[PDB]
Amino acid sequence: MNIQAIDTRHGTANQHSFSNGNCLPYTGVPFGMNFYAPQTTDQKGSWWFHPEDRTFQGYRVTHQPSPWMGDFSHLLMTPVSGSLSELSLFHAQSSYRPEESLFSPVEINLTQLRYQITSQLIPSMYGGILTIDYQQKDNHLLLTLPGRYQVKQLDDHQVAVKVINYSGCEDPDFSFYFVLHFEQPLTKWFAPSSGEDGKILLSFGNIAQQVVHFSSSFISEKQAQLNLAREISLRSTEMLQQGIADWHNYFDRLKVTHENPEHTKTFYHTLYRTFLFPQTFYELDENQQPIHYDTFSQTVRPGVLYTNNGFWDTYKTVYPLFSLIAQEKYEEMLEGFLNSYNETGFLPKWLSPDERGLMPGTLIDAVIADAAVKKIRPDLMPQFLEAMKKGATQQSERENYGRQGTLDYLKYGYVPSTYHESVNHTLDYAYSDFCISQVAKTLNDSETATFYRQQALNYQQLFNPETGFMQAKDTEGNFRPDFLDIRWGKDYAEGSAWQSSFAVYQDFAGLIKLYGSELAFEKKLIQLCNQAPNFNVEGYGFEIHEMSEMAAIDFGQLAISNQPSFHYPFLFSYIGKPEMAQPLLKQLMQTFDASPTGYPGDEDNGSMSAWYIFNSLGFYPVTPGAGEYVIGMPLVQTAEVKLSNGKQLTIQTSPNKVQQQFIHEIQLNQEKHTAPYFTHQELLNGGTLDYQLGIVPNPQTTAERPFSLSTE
């Protein structure tokens, strides 16, 4: 699909009570430092765009990764004609016709009906071009400068802005610089000024067209001018062509077809949302050297940096996909994450722009371990191992950094029930421990590998054989009483015991053994899938959108709306019955489409999009750090995968219509493939992956299982 046909309102029909992706209509280049979106309202907090709104407040320069994190370093540009007494966004707002507008990754185009203005925004990595066609005779641009600001007019054609605004930041004066060069001159001079919540009306007089070339920096005004100078001569058409080529660089890596072209349209909308985050958070100085802002020291520091990622989300799918098709980005992003550790003392958890904490666990450890076992940035793994061992043995004095209950986990073999969400923290630390063991192993560090492989079995501490769930346990080894399987919160993050008891990616064979047999585990998985989607709210005291998104559909406790359930269909692969889940995977993929209601829950910065992309191809990374993809059920008929190593994997299915719900046979390079997984090395060899599909199952009788520590 051509990037210009992607409609960025995909996944944007949201509110606090219910998510269909909690996406914004992000216009930008891949991993752009800024994104650009129309703002329709200032009365709904983080939900400042809705696709059903007919009001246009301005073009918002945004860094907002999710409505839960909020924005940082934002401002707006609003074309205006005529006089305004009052310059508030509400007083300057115009209606617009969404159905006559363009909402695409490389271009916004819309008409303000109040002003008879039609305008076009094209993005670049650090800036963009805003072209403004005025019908009226007194023409302006309104800059909305939230928080503390500075603005000045440098000459007739140049304006410089600084704004300080954020939702959370270690630097209370966190500054963003924004520079505008106008083709047509300013007709009114104003003196340098500063204040809070700026409303600056720039005047151009009677011109038919203004062309605004803009750039930005987290370094300085002078760096923002250097970023602008590098692209000032571009016409809007040339910047648009370059942005189309940037997106085609990534889209061209996965050329797919389907029986149903609606499925292809869904694929490419999720692929657009897979190359946005993490956002570039470094600039190139006068010597082309990477520099960035370090909010911990409040200084400019050398090196790459990336932002807008919660590894709790993105470790699941994003970095594994990048390990196949965007290794050059993974390489640079790992360098940035290590820089975050260098600057703060702890490997990052939730960057927006700097450490926000929020979710349980230190899942950066899986991003690191997956890279180590795939030979990505082996040069950094000794530095990563030191950072990981520090996070596993030392408690940050600051609540947002590293492990919570670090020392209690080491004393007891679990985080005790007095900690919030102790089941998640326990299971995430045991999985982290596996990840640390894998990095150690790649470095031939036997003592570290042995100790952390043993720590990785700590999931066993919270398994209650009386219930068949993971439950919180106090310091005397007693399970919290009054257990209810469907009760959300308190001991579990955004789920019940059903959404939390299977986070054992390092050792499913060992978890299965705790149930007593492959058959007792099978019965538990069947009950999870086939029951009603009932929930109890008591751990929260009210219903949250994750509950509502599970209860909106009849897929039992398999809450595909949120990350904890993403791997659930693959649990059948660990008992040698993947055929039980092949229909279920195709039916789960039908919960996605390219519409404004197109995701089953929060998309989370590529996480759910890459879930869809992997499942479309028919395999999935259940265990980052194992170097394997567990086989599912493909939705494509064809795929040409351009691998980062320069080879090509060509996928071909037999006719893949709605009645094909099973895999009959797989050939990899014309050889029968019976294992319920692929190694990373097998896929990197490239060649041909042929799926013969079925309308009935074809049970394989093989003892082969995907990776588990306890059986390796």
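Each residue number is its position in the shown sequence, starting from 1.
Residue stretch of maximal mean CA temperature factor, 409 to 417 vs 221 to 229: Between 409 to 417 and 221 to 229, it is 409 to 417.
Hey, which bit's got the bigger mean C-alpha B factor in the entry, 459 to 467 or 333 to 341? According to the entry, 459 to 467 carries the higher average C-alpha B-factor.
Choose from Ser194, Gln587, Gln112, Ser216 the residue with the greatest Cα B-factor as stated in the PDB record. Answer, based on the entry's C-alpha B-factors: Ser194.
Pick out which of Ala392, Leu76, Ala581, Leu102 has the highest C-alpha B-factor in the PDB entry. Each of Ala392, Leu76, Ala581, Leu102 was compared by C-alpha B-factor; the highest is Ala392.
Lowest, middle or highest third: which one holds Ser167 when the chain's residues are ordered by CA B-factor from the entry? According to the entry, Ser167 has a C-alpha B-factor in the chain's middle third.
Sorting by Cα B-factor within the chain, modelled residues only, which third would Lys647 end up in: lowest, middle or highest? Tercile = highest for this residue's CA B-factor.
Ordered by C-alpha B-factor within the chain, which third holds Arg60? Give me lowest, middle or highest, please. Bottom third by C-alpha B-factor.
Comparing against every modelled residue in the chain, figure out the third that the C-alpha B-factor of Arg253 lands in (lowest, middle or highest). Middle third of the chain for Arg253's C-alpha B-factor.
Split into thirds by Cα B-factor across the chain's modelled residues, where does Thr41 land: lowest, middle or highest? It belongs to the lowest third of the chain when residues are ordered by C-alpha B-factor.
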